[PDB]
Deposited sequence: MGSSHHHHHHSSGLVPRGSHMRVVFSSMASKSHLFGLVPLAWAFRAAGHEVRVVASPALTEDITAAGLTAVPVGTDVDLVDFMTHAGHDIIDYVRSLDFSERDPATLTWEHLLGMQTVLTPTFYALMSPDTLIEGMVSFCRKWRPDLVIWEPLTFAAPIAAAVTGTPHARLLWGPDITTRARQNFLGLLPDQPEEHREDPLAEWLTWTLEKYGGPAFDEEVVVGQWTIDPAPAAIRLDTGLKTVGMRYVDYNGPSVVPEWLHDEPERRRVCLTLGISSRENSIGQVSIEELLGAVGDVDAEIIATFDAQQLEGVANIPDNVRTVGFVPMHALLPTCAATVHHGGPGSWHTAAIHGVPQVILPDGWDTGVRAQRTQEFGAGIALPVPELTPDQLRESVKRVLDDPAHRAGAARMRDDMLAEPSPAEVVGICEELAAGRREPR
């Protein structure tokens, strides 16, 4: 039966992309699909071949970031969960995250304007389901007010959910007066503005969650999960003529430290064809680094990764997930809280190596690339992950699971 599905993302090209194949999945099923977001995300929605419903007005980040926000970029790079230290699990630390990230990021996106914009569209268009990016709190609010079923669609790890579950876990130890919950206080006084229902953790996590990540690398949250076979989307993809041919020698593709990018010479000491995702602009200073190295700029990963014996990347979801589904061993170079956590999970499983960028050494990379290419274990690990993922339903099949869940 025919449905009206709303997809909502915050105005980030980096975030919308994780919803794109499932939006198209619904519309191919014959359902009405609209991507409700802020005017900024409109070009990116239309470039995904999707219908945009731009609601509300844009937010001046440029001014906020130049004067206030920049320090919060310096604050975030500090936090590290991949090791589970007791120091990071203190009430003082956890409430810290909740106090800073709630206004400076979650609520900075999801502004005054967007939430009333979505609540207006939902009241009018009368959707049957709302699928949202995990940090666009406007959508569950709109869905709560309208009484519309809603579900989250994850890309990387659900680190915010784990951080929150821990924060709430400490609330009872603290005295009644010392208790606080910025995200709940915000969403509660927001739900009141539209006369909506009482606050429920259901507005923070969804009614269910869809994760394209294999069961074993997912964090334990207890939330209703619908696993999904990952299908890549990463904006405008154009296949170059050179990527038509089956490779000659074995291939390692390098995608984007403190190594002065002169690290290309380190991966050059590896016995393989290297495909570097760097433009002629990005490698204007490199003069002796190329030998077995090929520089081809930004190319489709879903077309390149099927031809690689191994991969070296920043740890981004697109790179992680695409390599994972193709059973391609990984050498992750993380710099974010979200990337480190996942890089650690994938190394524990044996589908690769996690090389934190602050600690990173050119010797480590040469050894790590040599390790994934020669040890049949990393491939075997990567083979299990791939097999887990291909056993999950395709976005096509997930449409029926949502359809059913949406009913009850």
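Asks: Which segments of the deposited sequence lack C-alpha coordinates in the modelled structure, numbering from residue 1?
Replies: In sequence order, the gaps with no modelled C-alpha are 1-18, 275-284, 437-441.
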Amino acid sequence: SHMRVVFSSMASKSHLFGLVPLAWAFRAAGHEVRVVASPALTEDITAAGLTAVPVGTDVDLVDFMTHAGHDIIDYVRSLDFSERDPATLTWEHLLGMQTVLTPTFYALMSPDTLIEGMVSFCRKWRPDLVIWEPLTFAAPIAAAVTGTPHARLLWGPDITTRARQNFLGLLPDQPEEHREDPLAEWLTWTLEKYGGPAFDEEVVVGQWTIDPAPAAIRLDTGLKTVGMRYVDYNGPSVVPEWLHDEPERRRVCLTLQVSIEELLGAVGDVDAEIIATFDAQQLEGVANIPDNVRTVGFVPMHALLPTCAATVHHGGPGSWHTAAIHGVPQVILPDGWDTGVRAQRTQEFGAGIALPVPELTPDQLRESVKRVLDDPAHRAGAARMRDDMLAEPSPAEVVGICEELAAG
From here on, numbers count along this sequence of modelled residues.
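Asks: Would 73-81 or 235-243 have the larger average of its C-alpha temperature factors, as given in the entry?
Replies: Mean C-alpha B-factor is greater for 73-81.
Asks: Decide which of the stretches 207-215 and 290-298 has the higher mean C-alpha B-factor, going by the entry.
Replies: For C-alpha atoms only, the mean B-factor is higher in 290-298.
Asks: Please pick out which of 339, 361, 42, 346 has the largest Cα B-factor as recorded in the entry.
Replies: Of 339, 361, 42, 346, 361 has the highest C-alpha B-factor.
Asks: Check the PDB entry and point out which of 36, 382, 68, 48 has the largest C-alpha temperature factor.
Replies: So the option with the highest C-alpha B-factor is 68.
Asks: Which third, lowest, middle or highest, does the CA B-factor of residue 53 fall in along this chain?
Replies: Bottom third by C-alpha B-factor.
Asks: Pull the Cα B-factor of residue 30 out of the PDB entry and bin it into the chain's lowest, middle or highest third.
Replies: It belongs to the lowest third of the chain when residues are ordered by C-alpha B-factor.
Asks: Ranked by Cα temperature factor within the chain, is residue 156 in the lowest third, the middle third or the highest third?
Replies: For residue 156, the deposited C-alpha B-factor lands in the lowest third.
Asks: Going by the entry, which third of its chain does the Cα temperature factor of residue 199 land in?
Replies: Its C-alpha B-factor belongs to the middle third of this chain's values.
Asks: Pull the Cα B-factor of residue 249 out of the PDB entry and bin it into the chain's lowest, middle or highest third.
Replies: Highest third, going by the recorded CA B-factors of the chain.
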